[PDB]
Each structure stands twice: as structure tokens, then as C-alpha cells.
Amino acid sequence: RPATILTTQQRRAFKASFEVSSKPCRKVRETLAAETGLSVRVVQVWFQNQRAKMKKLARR
DNA sequence: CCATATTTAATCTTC
DNA sequence: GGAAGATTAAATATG
């Protein structure tokens with residue numbers, strides 16, 4: 001249950017795909033999980049928090 | 001239409 | 001004290 005703290009390489013992989021789509025399909029999340037070595041749930045949640053981060057930034 | 005999955009909005013937790 | 005990760009319940013989307 002300890003919270004995830006991403007390495008640089010892992011965060012770089014997340015931001016690069018988020019640049020392609022803010023909502024990766026399960027297949028994309030699945031191959032992200034293999035690359036980063038993290039669970040699919042961690043992948044899904046990182047994008048969710050990231051999408052919520054950009055929504056606030058778009059509201060002045 | 002219906003069962004299941006994904007996303008949203010808000011919040012809680014933790015470093 | 002601030003940001004990001006994790007949780008929740010409700011809303012929306014999907015097959």
C-alpha cells in the first residue's frame with residue numbers, strides 16, 4: 001500500500017504518451033505498465049491526476 | 001436496453 | 001505548506 005514515487009524514466013514515459021492522448025486505451029495502459037514496470041491501476045491513475053491538473057490550468 | 005468499464009469531481013493521504 | 005498519488009461516489013461511456 002505505499003504510494004508510488006515515479007523515477008524520471010517512468011515519468012518521462014507517461015508525459016510522452018499523455019502528449020499523444022490524455023486517455024490511453026486499456027491496451028495502451030497495458031503496454032505502459034510493462035514498460036514502466038508499474039501496475040495498470042497506477043498508470044490509469046497517473047493520467048487521471050494529470051488530466052485533472054491540466055483542467056485547473058485551463059480555468060485561469 | 002443492459003452489464004460492465006471508464007471518466008469525472010471531489011476529496012483524502014502522504015511525502 | 002504544496003504537489004502528486006490514491007480513494008471515493010457519482011456520472012458517463014462502452015460492448
# chains A, B, ... in the order shown; residues from 1 in each chain; ligands from 1

call {"tool": "interface_residues", "arguments": {"of": "chain C", "to": "chain A", "cutoff": "10 Å", "atoms": "only C-alpha atoms (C1' of nucleotides)", "output": "list in words"}}
result
residues 4, 5 and 6 of chain C

call {"tool": "residues_around", "arguments": {"residues": "residue 11 (chain B)", "least_positions_apart": "4", "cutoff": "12 Å", "atoms": "only C-alpha atoms (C1' of nucleotides)", "output": "JSON, numbers by chain"}}
result
{"C": [6, 7, 8, 9]}

call {"tool": "interface_residues", "arguments": {"of": "chain B", "to": "chain A", "cutoff": "12 Å", "atoms": "only C-alpha atoms (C1' of nucleotides)", "output": "list in words"}}
result
residues 5, 6, 7, 8, 9, 10, 13, 14 and 15 of chain B

call {"tool": "write_last_selection", "arguments": {"atoms": "N, CA, C and O atoms (P, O5', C5', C4', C3', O3' and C1' of nucleotides)", "output": "short mmCIF file (atom, residue, chain, number, x, y, z; two decimals), in the first residue's frame"}}
result
data_model
loop_
_atom_site.label_atom_id
_atom_site.label_comp_id
_atom_site.auth_asym_id
_atom_site.auth_seq_id
_atom_site.Cartn_x
_atom_site.Cartn_y
_atom_site.Cartn_z
P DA B 5 -15.90 -5.00 -16.04
"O5'" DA B 5 -15.73 -3.58 -16.74
"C5'" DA B 5 -15.88 -3.49 -18.15
"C4'" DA B 5 -15.27 -2.21 -18.69
"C3'" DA B 5 -14.05 -1.70 -17.94
"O3'" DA B 5 -13.10 -1.18 -18.87
"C1'" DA B 5 -15.84 -0.11 -17.80
P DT B 6 -11.80 -0.38 -18.38
"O5'" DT B 6 -12.26 1.15 -18.49
"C5'" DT B 6 -12.83 1.60 -19.71
"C4'" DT B 6 -13.22 3.06 -19.62
"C3'" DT B 6 -12.13 3.98 -19.06
"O3'" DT B 6 -11.90 5.05 -19.97
"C1'" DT B 6 -14.20 4.32 -17.93
P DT B 7 -10.87 6.23 -19.61
"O5'" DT B 7 -11.80 7.33 -18.92
"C5'" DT B 7 -12.84 7.93 -19.68
"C4'" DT B 7 -13.64 8.91 -18.84
"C3'" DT B 7 -12.82 10.03 -18.19
"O3'" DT B 7 -13.37 11.29 -18.56
"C1'" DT B 7 -14.25 9.00 -16.61
P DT B 8 -12.59 12.65 -18.22
"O5'" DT B 8 -13.51 13.33 -17.10
"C5'" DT B 8 -14.92 13.32 -17.27
"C4'" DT B 8 -15.61 13.57 -15.95
"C3'" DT B 8 -15.05 14.73 -15.13
"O3'" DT B 8 -16.05 15.73 -14.95
"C1'" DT B 8 -15.41 12.80 -13.77
P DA B 9 -15.63 17.23 -14.55
"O5'" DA B 9 -15.80 17.24 -12.96
"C5'" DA B 9 -17.01 16.78 -12.38
"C4'" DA B 9 -16.92 16.78 -10.87
"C3'" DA B 9 -16.03 17.88 -10.29
"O3'" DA B 9 -16.73 18.54 -9.24
"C1'" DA B 9 -15.34 15.74 -9.49
P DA B 10 -16.04 19.73 -8.41
"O5'" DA B 10 -15.71 19.04 -7.01
"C5'" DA B 10 -16.61 18.07 -6.49
"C4'" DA B 10 -15.94 17.23 -5.43
"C3'" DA B 10 -15.07 18.02 -4.45
"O3'" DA B 10 -15.69 18.04 -3.18
"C1'" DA B 10 -14.05 15.95 -5.14
P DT B 13 -7.81 10.48 5.16
"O5'" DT B 13 -6.39 10.22 4.46
"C5'" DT B 13 -6.27 9.22 3.46
"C4'" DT B 13 -4.87 9.20 2.88
"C3'" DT B 13 -3.75 9.33 3.92
"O3'" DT B 13 -2.94 8.16 3.89
"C1'" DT B 13 -3.40 10.78 2.04
P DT B 14 -1.82 7.93 5.01
"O5'" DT B 14 -0.48 8.37 4.28
"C5'" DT B 14 -0.31 8.07 2.90
"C4'" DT B 14 0.84 8.86 2.32
"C3'" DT B 14 1.97 9.16 3.32
"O3'" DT B 14 3.20 8.70 2.80
"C1'" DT B 14 1.35 11.10 2.11
P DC B 15 4.53 8.69 3.71
"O5'" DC B 15 5.58 9.47 2.80
"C5'" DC B 15 5.57 9.27 1.39
"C4'" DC B 15 6.19 10.45 0.66
"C3'" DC B 15 7.51 10.94 1.26
"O3'" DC B 15 8.42 11.27 0.22
"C1'" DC B 15 5.95 12.72 1.18
#

call {"tool": "select_by_dssp", "arguments": {"residues": "chain A", "states": "alpha helix (DSSP H)", "output": "VMD selection string"}}
result
chain A and resid 8 to 18 26 to 36 40 to 57

call {"tool": "atom_distance", "arguments": {"atom1": "CA of residue 29 (chain A)", "atom2": "CA of residue 55 (chain A)"}}
result
21.1 Å

call {"tool": "atom_distance", "arguments": {"atom1": "CA of residue 34 (chain A)", "atom2": "CA of residue 9 (chain A)"}}
result
13.3 Å

call {"tool": "atom_distance", "arguments": {"atom1": "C1' of residue 10 (chain C)", "atom2": "CA of residue 47 (chain A)"}}
result
19.5 Å
